[PDB]
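Below is one structure, written out as structure tokens; the observations come after it.
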Amino acid sequence: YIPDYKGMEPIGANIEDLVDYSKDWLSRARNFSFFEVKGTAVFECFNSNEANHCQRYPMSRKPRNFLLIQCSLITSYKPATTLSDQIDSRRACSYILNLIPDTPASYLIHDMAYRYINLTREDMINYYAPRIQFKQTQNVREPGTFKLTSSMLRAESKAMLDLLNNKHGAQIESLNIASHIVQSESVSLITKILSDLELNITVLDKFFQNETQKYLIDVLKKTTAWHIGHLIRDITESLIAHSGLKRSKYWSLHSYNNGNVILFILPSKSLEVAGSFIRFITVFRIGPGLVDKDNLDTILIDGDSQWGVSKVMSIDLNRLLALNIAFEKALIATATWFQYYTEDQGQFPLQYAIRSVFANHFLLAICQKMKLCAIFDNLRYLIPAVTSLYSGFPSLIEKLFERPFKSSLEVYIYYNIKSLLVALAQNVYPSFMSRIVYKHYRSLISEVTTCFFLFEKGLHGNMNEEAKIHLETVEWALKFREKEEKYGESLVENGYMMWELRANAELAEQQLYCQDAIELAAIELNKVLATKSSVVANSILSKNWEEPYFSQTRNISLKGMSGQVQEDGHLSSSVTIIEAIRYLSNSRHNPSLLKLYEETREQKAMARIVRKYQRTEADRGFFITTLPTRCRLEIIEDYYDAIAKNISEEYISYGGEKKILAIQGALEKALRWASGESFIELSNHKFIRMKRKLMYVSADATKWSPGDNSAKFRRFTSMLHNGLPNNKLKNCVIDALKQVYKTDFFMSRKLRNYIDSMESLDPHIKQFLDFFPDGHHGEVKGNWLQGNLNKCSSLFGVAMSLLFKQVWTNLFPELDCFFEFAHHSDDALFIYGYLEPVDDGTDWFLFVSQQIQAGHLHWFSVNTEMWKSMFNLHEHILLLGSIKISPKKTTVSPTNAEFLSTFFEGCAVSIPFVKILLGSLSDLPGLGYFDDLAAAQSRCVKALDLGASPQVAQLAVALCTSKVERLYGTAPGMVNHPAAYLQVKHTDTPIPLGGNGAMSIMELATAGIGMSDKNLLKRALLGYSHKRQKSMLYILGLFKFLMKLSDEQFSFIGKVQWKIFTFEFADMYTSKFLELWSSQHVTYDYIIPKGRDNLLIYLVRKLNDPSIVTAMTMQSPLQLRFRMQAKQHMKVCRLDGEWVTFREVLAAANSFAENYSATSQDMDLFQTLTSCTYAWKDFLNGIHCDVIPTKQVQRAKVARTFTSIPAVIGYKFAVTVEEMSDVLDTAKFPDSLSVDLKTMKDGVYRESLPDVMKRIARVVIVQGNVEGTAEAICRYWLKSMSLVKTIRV
RNA sequence: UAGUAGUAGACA
């Protein structure tokens, strides 16, 4: 029952008025928002901005630090061991004690070396001992640390220490970016560093060994950068070891490279607590590598041997973890560059270019600083701005110059950027990081994108970014207040009319809309919607408006959701499930979406903003709203998603695989139109032939802006045609839109305390604080918060574009012009089809003059370059809404290259594969060797789906497997190696207990993660059924142990449980009650209880779950604790109700497997599991591959697809009335449930009990010739197994 | 110019 709301009567909007208004507007000269891309224009932009910048920032003469770690290598690097560490430490301490300190840090390292060298024999015993046999000592209290009492430090050492230990207005100093001397100095320094780094110190298997091993790995393995990366991994491992809670308060000393590099770790705050830095100094022999003498503390000299003493570096957990995997990040980035070069050129890169690219990537990976990240973020949009015909490149170059240049690395990057931009504006695409010229724009874009993705996502300052997050919302809310005070609330809320716009001509502005324009756009949409009213009505009514609100997953999710205003006045930070449980506990029914709206309509919309933690120059904020707000937004967005699904020009509603097909079809029809010839009819029967041409406009900032009035959507909804009989649902959506006009915007507690700590307040901070009356929340109007009404705004933009199309058609009926609009994501693509004269257009100018003199004054803007007038009118009509096209990030080009790059970047199924590739070595879910290995392997399969070559994907999966094996000590030679205890080979060992996880990327892509375990179990059954061998049966018992552990990602045969380090309604029900209820109600395992009475218990069960409680605490500095215990080989596994080490679990596994006996019940279970295990292996085993003489040709990107039971099983277990009704509500066809159950059990028998049923329970970017069958996708992958050669299957 | 960070006062 939808309640009776109020409707909106239509206004007498006439398209004739808009047509006449457009005739006058186009009767005068209209300036273009974009500038013609000339090399001279770009050069003068840079030259002017250089002088402006020199004025803007105070000059600094000392370039600042950029290298996070300084070191040098002269010989091949050998990985550090404990004995090697001891020997190198002694030798290095002798060398250091032979030197003479100069600065306080030199005295500090001299004191540390003296203290280390004078430790007793028992100190050295406990210093280099594992935690098993470690005993405490007067000097050594923690294994890898020692103590340095202040009495053992000189005055200079204490001076350095207190300098380390210990505003409202300032100007950040910058180097002289206009001086040529500064540029030359920076270029020389970075060139020297890079030349130092480049200095030399299955069918897929054979393809790798011929192509990726030859021209990439064999080249980079001997470079200085490779060994420097390994040494950096060792140093970072030592720093991570010292970051524990018990250890970080002490001193430490490590040496590497036969005593040539020495690490001195000072007492620090532990990295387990947030906002901490580890302090250290590196002392190294001067030589090639990561050396910047200008930013060194000293250079001690002893007989033609120079020792470089670095500054004290404070590195946080994020940057330390980034530095740990710098070598792998550089390797993946260079492999991506390798694949892209091969695709662009059809050849392999030469050795020098590969070495230089690897050195550049490694230097970027070492220097993890926010300024470089911001520069590389700017370059991504700067490159399209100079490769198009028109763009906003002056604004982009000014924005690039709006920063200080503090270090030599920044100035070198700026010099390169200026050179590349001027080269591009004068044209064939020069490389940013090489001497290679490309043939495709996508190659250069991918180069810069790979450079950008080398920086981690959390480099912003916490306080500064938290302050910056609220500024846009506050500023645009203030602008809205100013507008509604100048014009009155009614005009701003309800819009102005056309005659008011004709009288004022300044009402066309952001946050202001014309009512006639909104009604006309809705009519234009209805011109299409009316012809398909049946499907639209079915789509709307298929949103299930009468099902319970909280019985949907989205309404009981684990995402953040704001709660209530607290006594301090802040907005509570909560979870969706908590609010769901609270509402269920405070009422007795399960209301529907409309019923919840009725119950909560009176309350105010509330929202707070949190950091997204991205790697853009400015971090974006994510808005967290309350429950009634979510209900209102759900109503509006469900309605508009149902409506928007039937409009072709709206692309947000597309799934993601249809989006690419739709955009390809739009481009295809645009190309088809230009193949024709347009003719102009004349009275004298003398036609003029006009040549059709296309212009591509990639329009930025069309969907959302903090500068909009959500009140236009009310009239849009009122005038939009649906197939429903009445206006009840439409009135409900209009009312909900009315209920989100005003918002209570809360400032976060962090920023509140930040401002509170301040004594005086600057004018900008004062103006910001004035927005919040009580100091906690202020009111926002007009601007709906980001990411809340996407389909609504996208459809509104589509309607506006259609309105412009109709207006232009009415203005010029004598011209044959083509328009295609694609409002995808926040961007939009406009394709203007215009006509140019063929031969001098002698008749064309005469015709235009005749039109103008005949009274059609608006023909003046069509005389030459009519696409400019098209864009001018389109932009004006969009502004008649509240859509302002961004004049800096919009490019106008005659080719669809910049747009294609932007669109594929925006699409979630076509993001660059290097972004996912670099993410497979970081942020692994820290729980267990098997789960981490599966998470890492699955990320490399996703990269292959996104377009990674099988060789690059294989390289990345090998690197990730090596990293995971190092984390847990599984790899051969370390104590956690399973082959040390179990009497099987490493390849024959189950993955959950060590075991070779390394596999072909093809096996992982097709057969999935765990196929190694499946093959192991299948071969074990075959051996025990055909041979009954003793040691061959030994594998059988190991699997049975895992089930014993499991009973006491998915795992086919058990796992090993590891420790996990960690509510209001989580305790209202006793745990035994939850156990009894779950045992009684088994059908709810596959469905969600609907009725409130047991939905509450189901939700409390969902809260009291180790997996769920682990999920709510994912990103935390305490995650380092688990990896430290795993690296230190502590008691991290669970066995027989106790926490034991991995070696204990392996020993128990060996005992159980030795003492295993078959009962044929295990044999039946294993046979069932093997039967449950497309037969991808046989296809991969049986295939023919040969090299035909041809050249590899790369076509356009194409998206394909790679490939109810819970209702039936739930219906099987339903006993009482409530479970029975819930399974009928969930099931689509309750009539056929019994038949489906019968046929399923018949198939199970031909292939019953509850336990067996309980245990039984992809978009790919390819070329155009591939089909939608998984066999076609696999054959495409096999054909693309060679980078340069063509394979025939 | 101890580091990170920043033309919002931080870690401290």
Side-chain angles (χ1 to χ4, degrees), chain A residues 39 42-43 45-47 49-50 53 63-64 66-67 174-198 292 330 333-334 337 340-341 349 352-367 369-387 393 396-438 441 443-455 617:
Chain A
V42 164
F43 196 57
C45 295
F46 273 96
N47 284 336
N49 278 281
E50 280 183 353
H53 186 275
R64 302 311 155 115
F66 54 97
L67 286 171
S174 178
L175 304 161
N176 217 285
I177 203 60
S179 169
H180 280 216
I181 304 332
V182 171
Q183 285 170 3
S184 295
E185 277 153 358
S186 308
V187 168
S188 34
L189 176 58
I190 310 300
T191 283
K192 203 228 174 322
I193 287 174
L194 288 165
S195 295
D196 281 326
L197 296 178
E198 299 160 22
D292 173 38
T334 322
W337 189 90
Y340 281 136
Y341 183 102
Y352 63 89
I354 278 304
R355 277 192 309 258
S356 84
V357 168
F358 184 60
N360 267 265
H361 286 310
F362 185 67
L363 186 63
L364 282 193
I366 283 314
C367 310
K369 279 162 79 71
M370 196 44 234
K371 302 290 182 207
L372 295 152
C373 197
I375 291 172
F376 274 107
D377 181 43
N378 284 160
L379 188 56
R380 291 182 314 148
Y381 305 103
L382 268 159
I383 291 201
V386 294
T387 41
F393 67 86
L396 290 196
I397 297 170
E398 217 206 47
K399 194 211 162 184
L400 159 80
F401 271 88
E402 289 200 77
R403 70 205 53 249
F405 295 88
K406 310 159 63 180
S407 62
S408 178
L409 191 47
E410 298 167 25
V411 171
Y412 169 89
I413 295 296
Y414 159 83
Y415 177 86
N416 281 346
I417 282 181
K418 174 185 183 163
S419 176
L420 168 76
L421 285 211
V422 176
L424 287 172
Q426 286 175 342
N427 311 8
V428 197
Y429 305 82
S431 179
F432 175 72
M433 49 191 300
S434 279
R435 312 193 308 81
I436 288 105
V437 86
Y438 284 119
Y441 160 91
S443 296
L444 178 66
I445 303 301
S446 57
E447 224 167 7
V448 170
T449 325
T450 310
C451 284
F452 177 60
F453 286 140
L454 279 164
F455 302 95
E617 160 163 33

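What's counted below: heavy atoms across the whole structure, side chains too, no hydrogens, waters or symmetry copies. Throughout, protein chains are lettered first and strands after them, A, B, ... in sequence-line order, and every chain is numbered starting at 1.
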- Message: Tell me which one of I417(A), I190(A), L189(A), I193(A) satisfies side chain to side chain contact (heavy atoms under 4.5 Å, CB included) with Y412(A).
- Response: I190(A)
- Going by heavy atoms in the side chains, are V411(A) and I177(A) under 4.5 Å from each other? yes
- Message: Donor-acceptor pair, distance only, cut-off 3.5 Å: does the side chain of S184(A) make one with the backbone of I181(A)?
- Response: no
- Task: Check whether any side-chain heavy atom of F66(A) lies under 4.5 Å from a side-chain heavy atom of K406(A), and answer yes or no.
- Result: no
- Message: Do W337(A) and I354(A) make a side-chain contact, defined as non-hydrogen atoms from C-beta onward lying under 4.5 Å apart?
- Response: yes
- Query: What residues, two or more places apart in sequence or in another chain, satisfy salt bridge (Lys or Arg N to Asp or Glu O under 4.0 Å) together with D196(A)?
  - Reply: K192(A)
- Message: Less than 4.5 Å apart, side chain to side chain, heavy atoms only: is that true for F455(A) and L372(A)?
- Response: yes
- Query: Nearest heavy-atom pair of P430(A) and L424(A): which atoms, and what distance?
  - Reply: CD-CD2, 3.7 Å
- Message: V42(A) and side chain to side chain contact (heavy atoms under 4.5 Å, CB included): which single residue from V386(A), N47(A), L382(A) fits?
- Response: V386(A)
- Task: Check whether any side-chain N or O of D377(A) sits under 3.5 Å from a backbone N or O of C373(A) as a donor-acceptor pair, and report yes or no.
- Result: no
- Message: When you measure from the side chain of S419(A) to the backbone of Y415(A), do you find a donor-acceptor pair of N or O atoms at a distance under 3.5 Å?
- Response: no
- Query: How far apart are the C-alpha atoms of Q183(A) and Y414(A), what are their side-chain angles, what is the distance that settles it, and do they pass the side-chain contact (heavy atoms from CB on, under 4.5 Å) test?
  - Reply: CA-CA 9 Å; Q183(A) 285 170 3; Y414(A) 159 83; 3.8 Å; yes
- Query: Are the side chains of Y429(A) and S443(A) in touch, meaning some heavy atoms are under 4.5 Å apart?
  - Reply: no
- Under 3.5 Å, side chain of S356(A) to main-chain N/O of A353(A), donor-acceptor pair present? yes
- Message: Classify the ring geometry of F401(A) against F46(A): parallel below 30°, tilted from 30° to 60°, perpendicular beyond 60°.
- Response: perpendicular
- Distance in Å, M433(A) CE paired with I413(A) CD1, rounded so as to fall on 0.5 Å steps: 9.0 Å
- Where is the tightest heavy-atom contact between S434(A) and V357(A), given as atom of each residue plus distance? OG-CG2, 3.4 Å
- Item | From NE2 (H361(A)) to OG1 (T450(A)), nearest 0.5 Å | 6.0 Å
- Query: Which atom names give the shortest non-hydrogen contact between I383(A) and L420(A), and what distance separates them?
  - Reply: CD1-CD2, 4.0 Å
- Task: List the atom of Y438(A), the atom of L444(A), and the distance in Å for their closest heavy-atom pair.
- Result: CD1-N, 4.0 Å
- Item | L421(A) CG to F432(A) CZ distance, which is reported to the nearest 0.5 Å | 9.0 Å
- Message: Are the side chains of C367(A) and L67(A) in contact, using a 4.5 Å heavy-atom criterion?
- Response: yes
- Query: Of all heavy-atom pairs between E617(A) and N378(A), which one has the smallest distance, and what is that distance?
  - Reply: OE1-ND2, 3.1 Å
- List for me each residue that meets salt bridge (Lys or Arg N to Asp or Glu O under 4.0 Å) alongside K369(A), sequence neighbours excluded, and say none if there are none. none
- Query: How close do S174(A) and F405(A) get, heavy atom to heavy atom, and via which atoms?
  - Reply: OG-N, 2.6 Å
- Quick one: does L454(A)'s side chain get under 4.5 Å of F376(A)'s, heavy atoms only? no
- Query: Hey, are the side chains of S408(A) and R64(A) touching, using non-hydrogen atoms and a 4.5 Å cut-off?
  - Reply: no
- Output the distance between atom CD1 (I375(A)) and atom CG (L400(A)), rounded to the nearest 0.5 Å. 7.5 Å
- Query: When you measure from the side chain of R403(A) to the backbone N and O of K399(A), does any donor-acceptor pair fall under 3.5 Å?
  - Reply: yes
